[PDB]
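Trainee: Experimental structure and sequence below.
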Amino acid sequence: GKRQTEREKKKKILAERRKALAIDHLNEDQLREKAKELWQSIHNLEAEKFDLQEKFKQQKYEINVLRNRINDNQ
Amino acid sequence: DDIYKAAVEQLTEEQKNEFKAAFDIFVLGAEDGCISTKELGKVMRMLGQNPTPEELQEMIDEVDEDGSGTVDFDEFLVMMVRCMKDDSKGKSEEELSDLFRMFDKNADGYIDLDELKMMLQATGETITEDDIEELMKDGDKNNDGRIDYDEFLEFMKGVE
Amino acid sequence: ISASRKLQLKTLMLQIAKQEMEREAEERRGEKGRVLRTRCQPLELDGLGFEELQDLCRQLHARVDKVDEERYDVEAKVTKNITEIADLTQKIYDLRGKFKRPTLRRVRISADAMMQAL
Amino acid sequence: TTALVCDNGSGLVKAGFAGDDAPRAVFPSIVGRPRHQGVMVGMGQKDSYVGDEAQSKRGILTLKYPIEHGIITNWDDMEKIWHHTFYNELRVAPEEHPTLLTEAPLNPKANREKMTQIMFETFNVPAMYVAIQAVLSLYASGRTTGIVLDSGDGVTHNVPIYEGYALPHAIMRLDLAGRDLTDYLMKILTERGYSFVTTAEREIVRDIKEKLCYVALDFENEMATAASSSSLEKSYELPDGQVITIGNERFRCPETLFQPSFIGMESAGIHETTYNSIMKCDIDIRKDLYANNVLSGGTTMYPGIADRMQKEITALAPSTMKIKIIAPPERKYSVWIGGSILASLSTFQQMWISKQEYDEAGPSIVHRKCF
Amino acid sequence: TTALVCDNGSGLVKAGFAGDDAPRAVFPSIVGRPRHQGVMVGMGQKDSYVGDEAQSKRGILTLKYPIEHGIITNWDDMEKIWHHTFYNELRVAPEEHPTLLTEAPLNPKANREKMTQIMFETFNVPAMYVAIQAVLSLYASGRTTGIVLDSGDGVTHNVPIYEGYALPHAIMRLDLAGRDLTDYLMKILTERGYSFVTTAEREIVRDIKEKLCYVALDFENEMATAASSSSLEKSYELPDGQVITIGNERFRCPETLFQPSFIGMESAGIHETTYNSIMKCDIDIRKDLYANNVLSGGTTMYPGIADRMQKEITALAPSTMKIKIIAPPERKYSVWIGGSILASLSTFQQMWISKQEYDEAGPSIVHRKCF
Ligand SMILES: Nc1ncnc2c1ncn2[C@@H]1O[C@H](COP(=O)(O)OP(=O)(O)O)[C@@H](O)[C@H]1O
Ligand SMILES: Nc1ncnc2c1ncn2[C@@H]1O[C@H](COP(=O)(O)OP(=O)(O)O)[C@@H](O)[C@H]1O
Ligand SMILES: [Mg+2]
Ligand SMILES: [Mg+2]
């Protein structure tokens, strides 16, 4: 538990997210556009992940603050 | 603040009825129109309203910088109608928490007199001698060098 | 103890702190954009061959997989942080109820209303 | 909607809507049928005057309390009292309001079950909940620990609580209360010549007790002083003249609380049943209970009791512990204020005994999870 | 990154980051569910208070240690203790920190395997390593030889080491420790009238043992002196008053260490199992072990034990050898200081059980080369 279930969800996310990979079958412009779209999408994913890192760090600091508060209650 | 015109044009009849009743009770003849705040406090107390009496007395000792001693309509009427709780929205708890976090460069869970002093330097506010002790009373409700976001919120909640 | 001056100082502190937070968040956005541009390097494909596209797609699959795994982990962290935030908010609310809720009531809700009619 | 916080009590019924500071209507709980014949025709004479109306016509009635010692002995009269309370003193039909009754600890089950059956069948309330009279008095003090001595008019009970966890094995319920003090005062007044016998004159003796009696700090010294000087003799005017002078009956009536041997009861006073109730608790929460002793109920309003009790407990308790006795000025309505606070809570809103639940399990639902 | 040097122990959990002098958070390892009913609503009452929180609410809890004698008997409670230690006392998520647990010698395998399985599956650490509690205590002394007697609170074990080569055939593990001394003290206190029964009062008896008891240099002379004079009777104030006076119970409680026949155990005392552990070693390293006898663990903090043990061993040992007993003032945290030193070493950095290794061989990896 808590080691394969999450692993399974991550695997499913990878499966649904990684689309069909096929390049040399098509015209160069179409594949170039698709690759640029995927690059921009993953770059936006990086931006979102970084914003999540900052936000969760701030909320961890707030959790420390609440820990100090509950310590002040005793 | 100068919300005096805003106050007089903002009041609801729920309290304007009592205001006019007190206007009748106070002004009964031989009135200069200034309406002394001293009798105003007693009349409002008799009216059954429940403001804080001592704060208005200290204000009367302090407000009216011109030193008339009998405050004109604006300030004394504002203090009278302070029974109506028309505050400055009280801001937001999340906004103040974000502010305290921004000040929490030390990241210790509290902002001390030094960080507040630096903030005052940044805004350029006048040097006041109420400092330190104001943090000690408001922020240091436990007297331990620790002030959380609740003391910050209650320090200037609904300031107008 | 001045009051009007205190009110002005507090509200000006609020406004200045809000402006400082806004400018600081703008700085943070600029830094984040700089980091994104660095780590996710800008990609130009003007007059480039098709093997470049194949390499780009390969690196795209690799980086998409790694970033999705990393963001899966970061999302687990965020969910745990949200759960902790909710629990600690509940605990602080319980503490505030223990300290203050019994003092919260409608005193003289009708007692002062009826005076002498009886 | 709003909840009705009724509090049956024994001697004064206190009721009012949840969320206020004081009960809306407080009136004695007596139902008195007329006893003489009645010759005027068409005077509009009723067959039973209840509540505060029978404290004004008490000259020709035979008042009889429907609640003896916490328990209810006359269900028809209690139903009449409740009907009066709902319809005439509050004027709110019970079909649209939850109710929160209160009950003394260690009372017979049948009393509680009959109470809930009446509230659900006759008055047809949406949902009712029964609470122990001491936990509310602990709510009103704003504490969460402490041992509360709720000396009402029917029964005196002493419930210790720590951190919100009640200790069911340490509840000491004693049946000496204000009514027995009234009877004992009426019995010792006969030593000067004043004889009160009628059930109407019990009210006069109760008024004497309320207005004149006080608890002595030291009993023997007061007995010696009252027997030499005359600085204690306070006079009082009966409802018809003929003032009376109460001598050392002043502090001998409420002394029965600390020496129940006066009225022939075996048990120890309210000063020693509190210490016994503490000593039954665990060894690690005795300091907190010592420091947070709470007084409540009407009978604890005697002038000078919060000092006598503290002196007695300090004599009994170990010398190191600090003994503090919380005696708020709003002692009489402490239980009802606590009831209002409890009914106003959001966390409590799902503990009511909903009517459909009663329809499925019968009146015995009250002993179940919905306590 | 930095390593987490946790040390489960039995009685006090000691934890902290590697490379410091003292553990960051030290708190009793007890998990106590409430046992009474609880009447206050919305008080925020939890279902289990662990760690140092349950030493303040112990008046209404039933504390129960999750580790009996080194071995772990209640895995859910131990998991709860670990979760508390990681998240609230250190506030570092375990996903980014190696861990270094400690385990007594000669413990059941299943305990160690379950420990590693929990650390890898539930908390999901990067890498964990399990070390014998005596080698660390030898690290902390800065030695490389010596025979260490680590008398903890759960189990007393005596591991001899020479030149870094442990002697597996000379480990003498004895199950008398601080807990049995607490129980025996609680049992002999009844000879004066003081009865402690509740699992909460075991903590009070433990405090008495810590603050008052001492080890006598000569037992019979002390028994004779305490029976004639009264210079030994030291008093102590309970958590509620009622001071108690401990007579010759002072040095009779810790005497059980040197005469385990008091609590009915057959084996020989800690003064003779050390000599037996030495005599099992080879004939050429006995002088070094005699000269470098090391004491560790909490229970070896009794005032006057480093002299009694030296006298006993000098009586047993040959007259020519020099007997020296190393008793550092930081005895209690000696194991954890040694753990920090070991985790801070560069040579040790490749001995951790990496997670991929566990994925390939299962929990039975701990018995393999990565010990
Ligand atoms: N001011 C007072 N001084 C002395 N005794 C009082 C006072 N007020 C009430 N009592 C006694 O307390 C009784 C009322 O107690 P109360 O708290 O109303 O009982 P219940 O718990 O049934 O409501 C009266 O019968 C009276 O004897
Ligand atoms: N100062 C002291 N004097 C006497 N005994 C002590 C002292 N401190 C701790 N102890 C005993 O040692 C025990 C703690 O031992 P400890 O070394 O923490 O065990 P562990 O090896 O499980 O960490 C306590 O239960 C207590 O009985
Ligand atoms: Mg009552
Ligand atoms: Mg140990």
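Mentor: Cool, got the structure. Numbering: from 1, shown residues only, chains lettered A, B, ... in the order given. Ligands and ions are numbered 1, 2, ... in the order given.

Trainee: Spatially nearest residue to the residue minimising distance to the centre of chain A, not counting backbone neighbours?
Mentor: Centroid-nearest residue in chain A: residue A:49, 5.3 Å away (criterion: C-alpha atoms, centre = their mean). Leaving aside its sequence neighbours, residue A:49 sits nearest to residue C:71 (C-beta to C-beta, 6 or more residues apart in numbering or on different chains; 4.3 Å). No exception for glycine: its C-beta is placed from N, CA and C like everyone else's.

Trainee: How about the secondary structure of the one you found?
Mentor: Assigned by DSSP: H, G, I helix; E, B strand; the rest coil, the conformation of residue C:71 is helix.

Trainee: Tell me how many other residues surround it.
Mentor: Residue C:71 is flanked by 19 other residues according to other C-beta atoms under 10 Å in any protein chain shown.

Trainee: Who's the closest spatial neighbour of residue D:361, skipping the chain neighbours?
Mentor: In space, and not counting its chain neighbours, residue D:361 is closest to residue D:368: 6.9 Å by C-beta to C-beta, 6+ apart.

Trainee: before we move on, what about residue C:72?
Mentor: residue A:10 (4.7 Å).

Trainee: Residue D:347 too?
Mentor: Residue D:347 sits nearest to residue E:42 (C-beta to C-beta, 6+ apart), 3.8 Å away.

Trainee: repeat for residue D:15
Mentor: The shortest distance from residue D:15 to any non-neighbouring residue, by C-beta to C-beta, 6+ apart, is to residue D:6 (4.6 Å).

Trainee: Thought residue D:13 was touching that neighbour, still the case?
Mentor: Yes: contact criterion C-beta atoms under 8 Å: residue D:6 and residue D:13 qualify, at 7.5 Å.

Trainee: which residues are in contact with both of the two?
Mentor: Jointly contacting residue D:6 and residue D:13 under the rule C-beta atoms under 8 Å, 6 or more residues apart in numbering or on different chains are residue D:85.

Trainee: Can you tell me the number of residues neighbouring the residue in chain A that chain E sits nearest to?
Mentor: Nearest residue of chain A to chain E: residue A:3, at 5.0 Å (C-beta to the nearest C-beta). Residue neighbour count, defined by other C-beta under 10 Å, stands at 13 for residue A:3.

Trainee: Doesn't it belong to a strand?
Mentor: No: looking at residue A:3 with three-state DSSP, it is coil, so not inside a strand.

Trainee: list the contacts for it?
Mentor: Going by C-beta under 8 Å, 6+ apart, the list of residues near residue A:3 reads E:120, E:121, E:124.

Trainee: For the residues you listed, which entry has the maximal number of neighbours?
Mentor: Neighbour counts for the contacts of residue A:3 peak at residue E:120, which has 21 neighbours (criterion: other C-beta under 10 Å).

Trainee: Show the contacting residues for that residue.
Mentor: By C-beta under 8 Å, 6+ apart, residue E:120 lies in contact with A:3, E:128, E:355, E:358, E:363.

Trainee: Compile those into CSV and extend it with columns for secondary structure and distance to residue B:50.
Mentor: Shown next, in CSV, are the contacts of residue E:120 (DSSP: H, G, I helix; E, B strand; the rest coil; distance: C-beta to C-beta, whole Å):
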residue, secondary structure, distance to residue B:50
A:3, coil, 62
E:128, strand, 64
E:355, helix, 66
E:358, helix, 69
E:363, helix, 70
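
Trainee: Show me what from the stretch 101-250 of chain D comes close to ligand 3.
Mentor: Within the stretch 101-250 of chain D, the positions near ligand 3 by C-beta under 5 Å from the ion are residue D:152.

Trainee: Closest residue of the stretch 101-250 of chain D to ligand 4?
Mentor: Using C-beta to the ion, the closest approach of the stretch 101-250 of chain D to ligand 4 is made by residue D:163 at 32.8 Å.
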